[PDB]
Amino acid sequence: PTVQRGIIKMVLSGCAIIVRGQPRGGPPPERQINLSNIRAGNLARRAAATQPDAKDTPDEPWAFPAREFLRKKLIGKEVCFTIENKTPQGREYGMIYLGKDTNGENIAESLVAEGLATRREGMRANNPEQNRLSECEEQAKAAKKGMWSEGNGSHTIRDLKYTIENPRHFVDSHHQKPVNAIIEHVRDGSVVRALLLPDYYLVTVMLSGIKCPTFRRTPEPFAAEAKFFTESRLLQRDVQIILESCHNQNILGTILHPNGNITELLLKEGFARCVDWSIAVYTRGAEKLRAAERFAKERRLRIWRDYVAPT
């Protein structure tokens, strides 16, 4: 029952949670925490290339609303947690609380209270904690919330699309109007995996006009840092994306967020440089990208540490 602190990095399938500490040196420590005493639906999965005979399974009913529930409430927030059990194969199980003390909002209870997760069948008698999950579950069944609603719940299953029929047409049809999206993954600083709304397109988006240090089978200078810079700001965040262009299945675009433009930020931090092959498709003024990059180069920041000024 040791309360430890942390910061929500992302929400996983079955409502599992990855928690991190803050940068004290290099990469911040990560912790996958499964929620004890409850069972949430499984998200859609795409078969790994490692297992070629396996195939893509879809969403379980109310699995995606369950993920979205926690994503809206937990992402970027400070939480406290206690580990209840740790299986010999390394998997940790525990309780997650919103706040700084263990009497804050219990995440597991919040899920069950809204019919987004059910109680695990216990053979023994309920502890104090398992009893309230029962109350939350009955209140949810009475109110007919989520999985306790009338019907399949099949409308909560996304028609996930991992490819696009014609990328050029799909991008041009939006006429550079911002698209509601969720940043699901961060490959490196300037390339992300986005879930496009409202038809649930899972696409690869590269930032227009710039390029961050990348990995190739291995990391380049400031690659892991730049990835974290983008991750710590946009991972599983609600954003708007301007579909500016495309090369094959990869979509060139710009990510919009109330806290700022990640493209300008990356440049100003020296985590990225301007590239001329794609700078023409940047619709938010390419001259500002030049200024952001020039700002960093003058101060020899990160990738410009070994920059030699002309003389």
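Don't overthink the numbering: it's just position in the shown sequence, from 1.
- [ ] Check the residues of the deposited sequence separating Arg217 from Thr218 and report how many of them have no coordinates, as none, 1 to 3, 4 to 9, or 10 or more.
- [x] 4 to 9 residues lack coordinates between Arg217 and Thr218.
Higher-scoring stretch by recorded Cα B factor average, 46 to 54 or 240 to 248
Averaging CA B-factors over each stretch, the winner is 46 to 54.
Quick check: 195 to 203 versus 90 to 98, which has the larger average CA B-factor in the record? It is 90 to 98.
**Request:** Have a look at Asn106, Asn180, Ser232, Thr118 and flag the one whose Cα has the highest B-factor in the entry.
**Result:** Reading the PDB entry, the winner on C-alpha B-factor is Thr118.
### Task
Tell me which of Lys211, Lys72, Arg168, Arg187 tops the list for C-alpha B factor in the record.
Answer, based on the entry's C-alpha B-factors: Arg168.
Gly253: which third of its chain by C-alpha temperature factor? Within its chain, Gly253 is a lowest-third residue by C-alpha B-factor, going by the deposited values.
Review point. Compared with the other modelled residues in the chain, in which third is the CA B-factor of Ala296?
Key: Middle third by C-alpha B-factor.
Handout entry: Third of chain Cα B-factors occupied by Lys141
Key = Tercile = middle for this residue's CA B-factor.
Position of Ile8 among the chain's modelled residues by C-alpha B-factor, lowest, middle or highest third:
Answer is lowest: the recorded C-alpha B-factor places it there.
Among modelled residues of the same chain, the CA temperature factor third for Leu133: Bottom third by C-alpha B-factor.
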